[PDB]
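The form deposited in one PDB entry is given below as one chain in C-alpha cells.
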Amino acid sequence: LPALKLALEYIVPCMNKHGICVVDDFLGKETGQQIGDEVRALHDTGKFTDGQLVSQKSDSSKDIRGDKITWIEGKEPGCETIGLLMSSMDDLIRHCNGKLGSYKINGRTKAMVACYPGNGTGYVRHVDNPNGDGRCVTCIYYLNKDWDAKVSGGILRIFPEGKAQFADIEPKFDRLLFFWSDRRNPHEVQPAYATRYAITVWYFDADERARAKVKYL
C-alpha cells in the first residue's frame, strides 16, 4: 500500500487513539527478505556488538550478554535495502505531518539494528524517552519469518498508561510498529529463545528537540 493511504487511514487514527499501531506486510516478501539478508549478513560478518551485559560473574568467561546492536546510516555497502526501509519509514512519517498528536517531526536517528541472540535474554521494562530528549515516536520493523512466540518467546509487551491491560506484539516478519516514545508506553521484550532481529528508528519532535539542546548540553 502507498505510504499515504496507510498513514491517513490507519496510522494516524490508530496512534491518536491508542498510541500504538501495528502494520503488517509493510514492504512485502521480496523486499523484506532482502533486508533480512543484509541484516543477517551484517551479523555473520561481525558488525554487531557482543551484546548487552546481563550478568557480570566473577569469571568474565561466564558473563551472559543479551541484545547485540549496530547503528546503520543506510548508505553503507550491503545496507542499501535497509536504507530503502528507512526511506520508506520517512515517507510514511512525512505524510503524517501535523496529524500525529500536536507534534511536528523534523528529524530522526540513524537505524538501530538489534539482534537478540536467542539465549533466553530479553529487555527489561523501560521507557524509550523518559526525560524529554526530543524523541516522540518509536518505529520498529521486524524481520523474523515464521516466528512462533509460543515456542521462541521474544514478545514485545507494552504497558499502556492508565490501562490495566497490556499489548503483546510478536516480532513478525515484515511487520512495522509505531508507538509514542514517552512515559505513555513503558515496555519490555520478553526472553527470546531464537535469533530475533528488529530495526528501530526514532523520530524527533521539532520543539521538544529544540529545547532539549538547552538542558542536555
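For every residue, the number given is its place in the sequence shown, counted from 1. Take the two forms, superpose them, and find the largest set of C-alpha atoms that agree within 1.5 Å; that set is the rigid core.
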For the C-alpha atoms alone, is the average B factor greater in 74-82 or in 107-115, going by the entry?
-> 74-82
Look over 55-63 and 22-30 in the entry and identify the one with the greater average Cα temperature factor.
-> 55-63
Peak C-alpha temperature factor (PDB record), options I69, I169, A149, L176 | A149
From the list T138, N144, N97, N129, select the residue with the highest C-alpha B factor recorded in the entry.
-> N97
Can you tell me which third, lowest, middle or highest, the CA B-factor of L156 falls into for its chain?
-> lowest
Here the Cα B-factor of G36, set against its chain, lands in the third termed middle
Among the chain's modelled residues, which third holds the C-alpha B-factor of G120?
-> middle
So, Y203's CA B-factor, relative to its chain, sits in which third? The lowest
Chain-relative CA temperature factor third for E188 = lowest
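Not pictured, yet referred to below: the form deposited in another entry.
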After superposing the two forms on their rigid core, pick out the one entry in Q52, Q190, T70, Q33 with a CA shift of 2 Å or more between the shown form and the other one.
-> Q52
Where do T195 and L53 end up in that other deposited form, Cα atoms closer or farther than shown, with a change of 3 Å or more?
-> farther
Mind checking the CA-CA distance of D50 and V127 in that other deposited form? It differs by 3 Å or more from this form, so is it closer or farther?
-> closer
